[PDB]
């Protein structure tokens, strides 16, 4: 049904140290590690929302074994291609400041990329393909455009959450749904967008260019959703954000979980934004209960637009 692709998964090593300072021996007070990567995170959250997914991508070494074991324990569908190097270890330092340091991508022989593309020919009509995250530089940045084509030639629904050249490249493939935050969208059109008004003309050009739906977040300023069927705004429940290591991925899962449940593209927006917020407010990720709650609240702030 729903397939997620994570080209560069990882072990997110989350560490809070209210004292983290350069050139010095920092100790940790609170340590945690969890499998990471945008595709993987959409899977995990989907699971928490009661939906299965089959996770795809590349995994290597003991760190990859850790990632595979974990998803296994969470009873999440998976079919990763083993690679030679080790899966990267990403370091997330919380506390006073918020500093990140990503590990190097592991080498991926061309045969593996060919095998990953091979798996996609398995998508059937009505399946969903989620391509989220960065594309290792060693790989053709047009990779998502390729995977989207394979998917579309099989009737599969494509949801994309990337940036840079990779996102620019995917457009010609006309995926079904994209979710750029306002900064990613500004980067895509090479123009600044700070308000809902700044984005509307561009969104309208994208829908007419074949993109079926788009959801642009403006952080604590709500979200804008456009479909050839319409355009409207929605607010965020507001609250103290206790975490921010997979909130955009939650929005994607929420949207897709709702679509699975038969709701309409428009009707799904409320649930997705809430899922993002729920995760943004809890130490870990959102729960089916939390989302439903917040969603009820947001399902009114719905202001038309366009």
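Positions refer to the first chain, counted from 1.
- Mean CA temperature factor is higher for 245-253 when stretches 245-253 and 42-50 are set side by side in the entry.
- Higher mean CA B-factor, judged across 100-108 and 74-82 from the recorded values: 100-108.
- The PDB entry assigns residue 89 a C-alpha temperature factor belonging to the middle third of its chain's modelled residues.
- Ranked within its chain, residue 167 lands in the middle third, by CA B factor from the PDB record.
- In the PDB entry, a CA B factor belonging to the lowest third of its chain's modelled residues is recorded for residue 56.
- Per the deposited record, the Cα B-factor of residue 220 falls in the highest third when ranked against the other modelled residues of its chain.
- Sorting the modelled residues of the chain by their CA temperature factor places residue 213 in the middle third.
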